[PDB]
C-alpha cells in the first residue's frame, strides 16, 4: 500500500490539469494521502479542475499576497481537516513573474515594482506559508517547494531566475525555523515541463525568437540528461515531491533535490 498513507497534505498551486501541482496532488492521492488544496483568484475554474482528481478534497482560497488570507489560513485548514488534527505535509507550487521581467523584454527594462511582485509571490511567499502552517504541522513532516535551477544565467527566464535564486536562499532559512518543529524543508528543482503556458510560448505566442529559445533549451536538456527528459511528462517530478513528503528522506532539509533527468550534472 501507499507511500503517503494516512498523511494530511496541503497542496497549493493548482490552476489547470497541466499544473505540476495537479500531478503532485494526483500522485499523492494515488499513494493514500488525504489532501487539502489551496487556490488563487480563479476559484470556480480551479474547483472544476480539482473535481478531475482521483479523490474529493476541500478547496480553500489563498492569495499569498493577502496578509488576511495568511493570518487566517491555519484556522481555516484546521476546520477542513478537523480539530485535533495536524498537517504532515505542505506543498508550495506557486510562481509568478510579470512578462516585463521574464520572456521577450530585455533584462534591464524590468521595472522594480514588477520584479518585487514576482519575488513576493515566488520566493517570500515560501517563508510566509511556512510561518502560517508550521504551528499546525506534525513532527516528521515535510515542506516542499518547486525550484528551477538558477545557479547559471539563461536567456528569457531573466528575473524569474533571480526569484528562484532568492527562493533557494529562503528555503535554507525556513529549514532553520522548520527544524524546531521536527519538520523538514526542501525544494525540488525540476526540469522544463510543458504547462499550458509553456506550450503557448513553444507555439509562438511570445514571438519566433522566444519559441526558438525554449525549443533549444528543451532539446539540449533531454540531450544532456543521461536518462533523457520528457517535457510532456510531469509524473517523475510529482513522484520526487511525494518522495520528499514521505518518511524515506528523513535526514534531508534546507536542501535541493533535482528532478531533471540528471541534466544539471552534465556540461554537454
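Chain A uses Swiss-Prot numbers throughout; the residues present, in order, are 2-269.
Keep in mind that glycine also has a Cβ here, set from the backbone N, Cα and C atoms.
These features come from Swiss-Prot:
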BINDING   20, 21, 64, 65, 95, 96, 165, 194  NAD(+) binding site
BINDING   158  substrate binding site
MOD_RES   266  phosphothreonine
SITE      158  site 'Transition state stabilizer'
**Message:** Let's check the environment of residue 158 (substrate binding site): how many other CB atoms sit within 10 Å of its CB?
**Reply:** 20
**Asked** Hey, what's the widest CA-to-CA gap across 20, 21, 64, 65, 95, 96, 165, 194, the NAD(+) contacts in the record, in Å?
**Response** 24
**Inter-residue C-alpha distance, residue 95 (NAD(+) binding site) and the residue listed as 'phosphothreonine' (nearest angstrom)** = 26
**Prompt:** Which of 21, 65, 95 (the binding-site residues) has the most other Cβ atoms within 10 Å?
**Reply:** 65
**Complete:** Checking the recorded positions 20, 266 for other Cβ atoms within 10 Å of each Cβ, the smallest tally belongs to 266
**Request:** Give the sequence-ordered list of residues that share a chain with residue 194 (NAD(+) binding site), lie 6 or more positions from it, and have CB atoms under 8 Å from its CB.
**Result:** 21, 232, 234, 235, 238
**Request:** Could you tell me which three-state DSSP class residue 165 (NAD(+) binding site) falls into?
**Result:** helix
**Fill in**
Counting other C-beta atoms within 10 angstroms, the emptiest spot among the binding-site residues 64, 96, 165 is 64
**DSSP three-state assignment for residue 95 (NAD(+) binding site)** = coil
